[PDB]
$ cat entry-v1.cif   # mmCIF, C-alpha atoms and all ligand atoms
data_upload
loop_
_atom_site.label_atom_id
_atom_site.label_comp_id
_atom_site.auth_asym_id
_atom_site.auth_seq_id
_atom_site.Cartn_x
_atom_site.Cartn_y
_atom_site.Cartn_z
CA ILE A 1 -36.09 13.72 16.54
CA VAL A 2 -33.55 12.86 13.87
CA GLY A 3 -30.58 15.21 13.32
CA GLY A 4 -31.37 17.41 16.30
CA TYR A 5 -29.57 18.13 19.54
CA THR A 6 -30.04 17.60 23.27
CA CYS A 7 -32.22 20.48 24.34
CA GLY A 8 -30.90 20.88 27.86
CA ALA A 9 -32.97 20.00 30.93
CA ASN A 10 -36.25 21.93 31.21
CA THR A 11 -35.31 24.37 28.43
CA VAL A 12 -38.61 23.50 26.68
CA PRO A 13 -40.85 23.89 29.73
CA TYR A 14 -44.17 23.51 27.87
CA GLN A 15 -43.17 20.05 26.55
CA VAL A 16 -45.01 17.16 28.20
CA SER A 17 -44.70 13.40 27.93
CA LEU A 18 -47.88 11.37 27.73
CA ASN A 19 -47.40 8.19 29.72
CA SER A 20 -49.51 5.00 29.89
CA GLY A 21 -46.89 2.97 31.67
CA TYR A 22 -44.33 4.24 29.16
CA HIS A 23 -43.86 7.41 27.08
CA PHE A 24 -45.91 7.20 23.92
CA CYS A 25 -46.51 10.74 22.69
CA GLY A 26 -45.64 14.36 23.34
CA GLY A 27 -47.92 17.25 24.14
CA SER A 28 -47.85 20.98 24.96
CA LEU A 29 -49.07 22.66 28.15
CA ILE A 30 -51.32 25.61 27.20
CA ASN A 31 -52.53 26.55 30.71
CA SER A 32 -52.28 25.01 34.16
CA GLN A 33 -55.12 22.57 33.47
CA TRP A 34 -54.88 21.69 29.75
CA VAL A 35 -52.56 20.03 27.27
CA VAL A 36 -52.80 19.98 23.47
CA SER A 37 -51.67 16.84 21.61
CA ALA A 38 -52.44 14.90 18.44
CA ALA A 39 -55.73 13.03 18.10
CA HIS A 40 -53.84 10.00 16.83
CA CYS A 41 -52.28 9.85 20.31
CA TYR A 42 -55.70 9.23 21.91
CA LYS A 43 -55.97 6.45 24.43
CA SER A 44 -57.54 6.07 27.84
CA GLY A 45 -55.47 5.88 31.03
CA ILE A 46 -53.14 8.81 30.23
CA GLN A 47 -50.80 10.30 32.85
CA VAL A 48 -49.34 13.69 31.87
CA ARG A 49 -45.67 14.10 32.85
CA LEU A 50 -44.54 17.73 33.17
CA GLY A 51 -41.06 19.04 34.05
CA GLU A 52 -39.35 16.04 32.34
CA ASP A 53 -35.86 15.81 30.89
CA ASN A 54 -34.75 12.19 31.33
CA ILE A 55 -38.04 10.26 31.14
CA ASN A 56 -36.39 7.23 32.83
CA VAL A 57 -34.93 9.05 35.88
CA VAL A 58 -36.65 11.12 38.60
CA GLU A 59 -34.53 14.27 38.51
CA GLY A 60 -36.55 16.51 40.82
CA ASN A 61 -38.67 18.83 38.67
CA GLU A 62 -41.43 16.47 37.55
CA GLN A 63 -45.12 16.69 38.07
CA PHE A 64 -47.16 13.56 37.21
CA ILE A 65 -50.89 14.28 36.88
CA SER A 66 -53.60 11.94 35.58
CA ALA A 67 -55.83 13.09 32.74
CA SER A 68 -59.45 13.58 33.74
CA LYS A 69 -60.85 14.00 30.21
CA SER A 70 -59.66 13.75 26.64
CA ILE A 71 -61.42 15.55 23.75
CA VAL A 72 -60.54 14.52 20.20
CA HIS A 73 -61.38 17.10 17.57
CA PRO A 74 -64.95 16.58 16.38
CA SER A 75 -63.80 16.18 12.76
CA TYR A 76 -60.65 14.10 13.28
CA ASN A 77 -60.21 11.58 10.46
CA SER A 78 -57.89 8.76 11.42
CA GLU A 79 -57.33 7.60 7.83
CA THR A 80 -56.01 10.96 6.62
CA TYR A 81 -55.03 12.58 9.94
CA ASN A 82 -57.06 15.65 8.99
CA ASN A 83 -57.79 17.61 12.18
CA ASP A 84 -55.13 15.73 14.14
CA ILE A 85 -55.60 17.55 17.44
CA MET A 86 -56.83 16.63 20.90
CA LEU A 87 -57.24 18.35 24.24
CA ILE A 88 -56.38 16.70 27.57
CA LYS A 89 -57.58 18.07 30.90
CA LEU A 90 -55.47 17.50 34.01
CA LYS A 91 -57.24 16.09 37.09
CA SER A 92 -55.47 18.75 39.16
CA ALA A 93 -53.85 21.99 38.09
CA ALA A 94 -50.08 21.89 37.37
CA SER A 95 -48.00 24.13 39.64
CA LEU A 96 -46.49 26.52 37.08
CA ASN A 97 -42.83 27.43 37.51
CA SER A 98 -39.81 28.04 35.37
CA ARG A 99 -39.58 24.34 34.44
CA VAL A 100 -43.32 23.81 33.97
CA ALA A 101 -44.76 26.58 31.81
CA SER A 102 -47.52 27.15 29.26
CA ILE A 103 -47.00 28.05 25.62
CA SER A 104 -49.16 30.69 23.99
CA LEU A 105 -51.66 29.92 21.25
CA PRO A 106 -51.22 31.81 17.98
CA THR A 107 -53.20 34.88 17.13
CA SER A 108 -52.54 34.28 13.41
CA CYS A 109 -50.93 31.57 11.32
CA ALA A 110 -47.20 31.61 10.69
CA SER A 111 -45.81 32.17 7.22
CA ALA A 112 -43.52 29.97 5.13
CA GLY A 113 -39.86 30.29 6.02
CA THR A 114 -40.44 31.07 9.65
CA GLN A 115 -38.08 29.12 11.94
CA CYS A 116 -39.59 26.87 14.53
CA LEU A 117 -38.48 24.63 17.41
CA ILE A 118 -39.64 21.00 17.33
CA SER A 119 -38.96 18.72 20.31
CA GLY A 120 -39.57 15.25 21.63
CA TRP A 121 -38.41 11.85 22.87
CA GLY A 122 -38.91 10.02 19.57
CA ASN A 123 -36.54 7.92 17.53
CA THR A 124 -33.29 9.63 16.62
CA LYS A 125 -32.28 7.39 13.67
CA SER A 126 -33.50 7.59 10.04
CA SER A 127 -32.64 3.93 9.44
CA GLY A 128 -33.09 1.73 12.48
CA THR A 129 -33.97 2.60 15.99
CA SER A 130 -32.65 4.44 19.00
CA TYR A 131 -34.79 6.17 21.57
CA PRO A 132 -33.31 8.86 23.68
CA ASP A 133 -34.11 9.33 27.30
CA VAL A 134 -33.46 13.09 27.38
CA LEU A 135 -35.42 15.64 25.35
CA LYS A 136 -34.24 16.34 21.79
CA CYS A 137 -34.69 19.59 19.87
CA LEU A 138 -34.67 20.62 16.23
CA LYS A 139 -34.73 24.02 14.56
CA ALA A 140 -36.72 23.76 11.33
CA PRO A 141 -38.44 26.19 8.98
CA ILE A 142 -41.99 26.08 7.76
CA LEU A 143 -41.97 24.92 4.10
CA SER A 144 -44.12 26.38 1.34
CA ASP A 145 -47.43 24.77 0.80
CA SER A 146 -46.43 23.87 -2.77
CA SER A 147 -43.33 21.90 -1.68
CA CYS A 148 -45.50 20.22 1.02
CA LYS A 149 -48.24 19.26 -1.43
CA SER A 150 -45.66 18.13 -4.03
CA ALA A 151 -44.12 15.71 -1.53
CA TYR A 152 -47.57 14.32 -0.61
CA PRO A 153 -49.97 14.80 -3.53
CA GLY A 154 -53.59 14.43 -2.55
CA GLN A 155 -52.85 14.19 1.18
CA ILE A 156 -52.29 17.75 2.50
CA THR A 157 -55.29 19.72 3.68
CA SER A 158 -55.52 23.33 4.83
CA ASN A 159 -55.21 21.96 8.41
CA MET A 160 -51.65 20.73 7.77
CA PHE A 161 -48.26 22.25 7.03
CA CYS A 162 -44.82 20.85 6.35
CA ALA A 163 -41.63 21.79 8.18
CA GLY A 164 -38.05 20.65 7.92
CA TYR A 165 -35.55 20.08 5.13
CA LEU A 166 -36.15 18.65 1.72
CA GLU A 167 -32.54 17.37 1.63
CA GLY A 168 -33.25 14.96 4.45
CA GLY A 169 -31.31 14.38 7.67
CA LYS A 170 -33.46 16.43 10.05
CA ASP A 171 -37.04 15.59 11.07
CA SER A 172 -39.40 14.53 13.82
CA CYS A 173 -40.04 10.80 14.07
CA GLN A 174 -42.07 8.04 15.77
CA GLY A 175 -42.53 8.95 19.42
CA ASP A 176 -42.48 12.71 18.80
CA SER A 177 -46.16 12.66 17.78
CA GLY A 178 -48.36 15.10 19.61
CA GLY A 179 -45.46 17.34 20.60
CA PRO A 180 -44.88 20.98 19.85
CA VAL A 181 -43.78 23.09 16.89
CA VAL A 182 -43.17 26.54 18.36
CA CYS A 183 -42.49 29.49 16.08
CA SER A 184 -41.93 33.07 17.32
CA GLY A 185 -43.21 32.09 20.80
CA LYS A 186 -46.48 30.54 19.62
CA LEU A 187 -47.63 26.93 19.31
CA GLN A 188 -48.11 26.69 15.55
CA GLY A 189 -47.86 22.94 14.99
CA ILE A 190 -48.36 19.51 16.44
CA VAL A 191 -46.19 16.58 15.32
CA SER A 192 -48.61 14.59 13.13
CA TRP A 193 -47.24 12.37 10.38
CA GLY A 194 -44.70 11.85 7.63
CA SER A 195 -43.01 9.19 5.50
CA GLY A 196 -40.21 7.44 7.29
CA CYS A 197 -38.08 9.99 9.20
CA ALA A 198 -35.60 12.47 7.71
CA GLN A 199 -35.85 11.12 4.16
CA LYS A 200 -35.09 13.26 1.14
CA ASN A 201 -38.17 15.07 -0.22
CA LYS A 202 -40.40 13.80 2.53
CA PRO A 203 -40.66 16.52 5.15
CA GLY A 204 -42.60 16.23 8.37
CA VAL A 205 -46.32 17.04 8.41
CA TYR A 206 -47.80 19.05 11.29
CA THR A 207 -51.28 19.94 12.43
CA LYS A 208 -51.88 23.65 11.74
CA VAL A 209 -52.81 24.88 15.20
CA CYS A 210 -53.79 28.41 14.09
CA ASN A 211 -56.95 26.93 12.47
CA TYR A 212 -58.06 25.53 15.84
CA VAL A 213 -57.60 28.39 18.29
CA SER A 214 -61.32 29.24 18.45
CA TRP A 215 -62.20 25.57 19.05
CA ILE A 216 -59.47 25.23 21.67
CA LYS A 217 -60.56 28.32 23.58
CA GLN A 218 -64.28 27.48 23.45
CA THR A 219 -63.68 23.84 24.38
CA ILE A 220 -61.50 24.59 27.41
CA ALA A 221 -63.89 27.29 28.60
CA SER A 222 -66.80 24.84 28.54
CA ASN A 223 -65.00 21.87 30.12
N1 LIG B 1 -41.34 11.81 9.84
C1 LIG B 1 -42.21 12.33 10.66
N2 LIG B 1 -42.14 13.71 10.79
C2 LIG B 1 -43.27 11.59 11.38
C3 LIG B 1 -43.87 12.08 12.58
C4 LIG B 1 -44.86 11.34 13.26
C5 LIG B 1 -45.31 10.07 12.79
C6 LIG B 1 -44.73 9.59 11.58
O1 LIG B 1 -45.23 8.43 11.00
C7 LIG B 1 -46.52 7.74 11.32
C8 LIG B 1 -46.62 6.36 10.55
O2 LIG B 1 -48.06 6.10 10.48
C9 LIG B 1 -48.76 7.36 10.51
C10 LIG B 1 -47.75 8.50 10.69
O3 LIG B 1 -47.39 8.98 9.37
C11 LIG B 1 -48.13 8.21 8.33
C12 LIG B 1 -49.34 7.60 9.08
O4 LIG B 1 -50.49 8.51 9.16
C13 LIG B 1 -51.08 8.98 8.01
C14 LIG B 1 -51.49 10.33 8.00
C15 LIG B 1 -52.11 10.94 6.89
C16 LIG B 1 -52.31 10.13 5.76
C17 LIG B 1 -52.01 8.76 5.81
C18 LIG B 1 -52.10 7.93 4.56
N3 LIG B 1 -51.18 7.03 4.31
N4 LIG B 1 -53.18 8.15 3.74
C19 LIG B 1 -51.21 8.17 6.87
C20 LIG B 1 -43.68 10.31 10.92
CA CA B 2 -37.54 12.44 34.76
#
$ encode --input "entry-v1.cif" --output "structure tokens" --more "lines below"
Ligand SMILES: N=C(N)c1cccc(O[C@H]2CO[C@H]3[C@@H]2OC[C@H]3Oc2cccc(C(=N)N)c2)c1
Ligand SMILES: [Ca+2]
Amino acid sequence: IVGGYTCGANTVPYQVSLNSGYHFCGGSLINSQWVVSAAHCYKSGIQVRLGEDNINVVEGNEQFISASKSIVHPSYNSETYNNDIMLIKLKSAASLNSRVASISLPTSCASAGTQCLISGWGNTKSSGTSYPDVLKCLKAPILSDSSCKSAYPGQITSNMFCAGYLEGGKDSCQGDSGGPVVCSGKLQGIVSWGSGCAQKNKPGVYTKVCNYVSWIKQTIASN
């Protein structure tokens, strides 16, 4: 997260870290047994880390649970990141508490201009590199589809939306991928892709979760 702020420990209780010996992507807890992330975060050997603030220090509220199954969206296209969504089942149910909590799925898509909360442990610099150990947060509005598609002609599908600031300065970044965009209490986006981080006229691109709620619900109920 570039241009954001330290969230505060466990203030984003649905945020998970995906760990394969190291943090490599975010995710969102949607019930005690399932996490939603980005398909481009797929790998085998995932451990889900819940209750995290400092990902390098055991602070006392963590739950570390191995993934038992990963399900990449059937239509994920790795060249274009169209349908950049994946489900991860936990080998054992998380113990839900005030620091380890699910986020609701949308019942409808969110409209342009709605303010959202984006969070993660990604790079915090727009030139160069600095990775935080505590969770970072950013408030950012959903941008119009026209502004999104103007920034990335040819590359935005109906399964994507842009959020952030055309002036630059404030964006998600490498290492935030797979993490949440929460708007009005609903998981509306997944950190997916962009051009650099926090550059002028190149807002972040997010998987449009409202298009996937039927697939999510049917998939989890059958697995
Ligand atoms: N600035 C950001 N908000 C952001 C967030 C996550 C990742 C990120 O950058 C990485 C760099 O490599 C990946 C992801 O962003 C770009 C590329 O994926 C795509 C996706 C869709 C189309 C194509 C394409 N070039 N045709 C590339 C930045
Ligand atoms: Ca920790």
$ closest_residue --input "entry-v1.cif" --among "A:36, A:55, A:221, A:118" --to "residue 21 of chain A" --atoms "only C-alpha atoms"
A:55
$ residues_near_point --input "entry-v1.cif" --point "(-43.4, 15.4, 2.7)" --cutoff "7 Å" --atoms "all atoms listed in the file" --output "number ranges by chain"
A: 148, 151-152, 162, 194-195, 201-205
$ closest_atom_pairs --input "entry-v1.cif" --of "chain A" --to "ligand LIG 1 (chain B)" --cutoff "8 Å" --atoms "only C-alpha atoms and all ligand atoms" --output "tab-separated table"
residue	atom	partner	partner_atom	distance
A:78	CA	B:LIG1	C14	7.4
A:79	CA	B:LIG1	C17	5.8
A:80	CA	B:LIG1	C16	3.9
A:81	CA	B:LIG1	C15	4.5
A:82	CA	B:LIG1	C15	7.1
A:155	CA	B:LIG1	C16	6.1
A:171	CA	B:LIG1	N2	5.4
A:172	CA	B:LIG1	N2	4.2
A:173	CA	B:LIG1	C2	4.3
A:174	CA	B:LIG1	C5	4.8
A:175	CA	B:LIG1	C4	7.0
A:176	CA	B:LIG1	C4	6.2
A:177	CA	B:LIG1	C4	4.9
A:191	CA	B:LIG1	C3	5.8
A:192	CA	B:LIG1	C4	5.0
A:193	CA	B:LIG1	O3	3.5
A:194	CA	B:LIG1	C20	3.8
A:195	CA	B:LIG1	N1	5.3
A:196	CA	B:LIG1	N1	5.2
A:197	CA	B:LIG1	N1	3.8
A:198	CA	B:LIG1	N1	6.2
A:199	CA	B:LIG1	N1	7.9
A:202	CA	B:LIG1	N1	7.6
A:203	CA	B:LIG1	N2	6.5
A:204	CA	B:LIG1	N2	3.5
A:205	CA	B:LIG1	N2	5.9
A:206	CA	B:LIG1	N2	7.8
$ atom_distance --input "entry-v1.cif" --atom1 "atom CA of residue 53 of chain A" --atom2 "atom CA of residue 135 of chain A"
5.6 Å
$ closest_atom_pairs --input "entry-v1.cif" --of "chain A" --to "ligand CA 2 (chain B)" --cutoff "7 Å" --atoms "only C-alpha atoms and all ligand atoms" --output "Markdown table"
| residue | atom | partner | partner_atom | distance |
| --- | --- | --- | --- | --- |
| A:52 | CA | B:CA2 | CA | 4.7 |
| A:53 | CA | B:CA2 | CA | 5.4 |
| A:54 | CA | B:CA2 | CA | 4.4 |
| A:55 | CA | B:CA2 | CA | 4.3 |
| A:56 | CA | B:CA2 | CA | 5.7 |
| A:57 | CA | B:CA2 | CA | 4.4 |
| A:58 | CA | B:CA2 | CA | 4.2 |
| A:59 | CA | B:CA2 | CA | 5.1 |
| A:62 | CA | B:CA2 | CA | 6.3 |
$ write_last_selection --input "entry-v1.cif" --atoms "C-alpha atoms" --output "mmCIF file, in the frame of the given file"
data_model
loop_
_atom_site.group_PDB
_atom_site.id
_atom_site.type_symbol
_atom_site.label_atom_id
_atom_site.label_comp_id
_atom_site.auth_asym_id
_atom_site.auth_seq_id
_atom_site.Cartn_x
_atom_site.Cartn_y
_atom_site.Cartn_z
ATOM 1 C CA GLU A 52 -39.350 16.040 32.340
ATOM 2 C CA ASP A 53 -35.860 15.810 30.890
ATOM 3 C CA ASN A 54 -34.750 12.190 31.330
ATOM 4 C CA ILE A 55 -38.040 10.260 31.140
ATOM 5 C CA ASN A 56 -36.390 7.230 32.830
ATOM 6 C CA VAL A 57 -34.930 9.050 35.880
ATOM 7 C CA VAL A 58 -36.650 11.120 38.600
ATOM 8 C CA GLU A 59 -34.530 14.270 38.510
ATOM 9 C CA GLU A 62 -41.430 16.470 37.550
#
$ closest_residue --input "entry-v1.cif" --among "A:129, A:179, A:19, A:216" --to "residue 37 of chain A" --atoms "all atoms listed in the file"
A:179
$ closest_residue --input "entry-v1.cif" --among "A:184, A:164, A:133, A:223" --to "residue 68 of chain A" --atoms "only C-alpha atoms"
A:223
$ closest_residue --input "entry-v1.cif" --among "A:124, A:61, A:31, A:108" --to "residue 92 of chain A" --atoms "only C-alpha atoms"
A:31
$ residues_around --input "entry-v1.cif" --residues "residue 114 of chain A" --least-positions-apart "6" --cutoff "12 Å" --atoms "all atoms listed in the file" --output "ChimeraX atom specification"
/A:139-144,162-164,181-186,188
$ atom_distance --input "entry-v1.cif" --atom1 "atom CA of residue 146 of chain A" --atom2 "atom CA of residue 117 of chain A"
21.7 Å
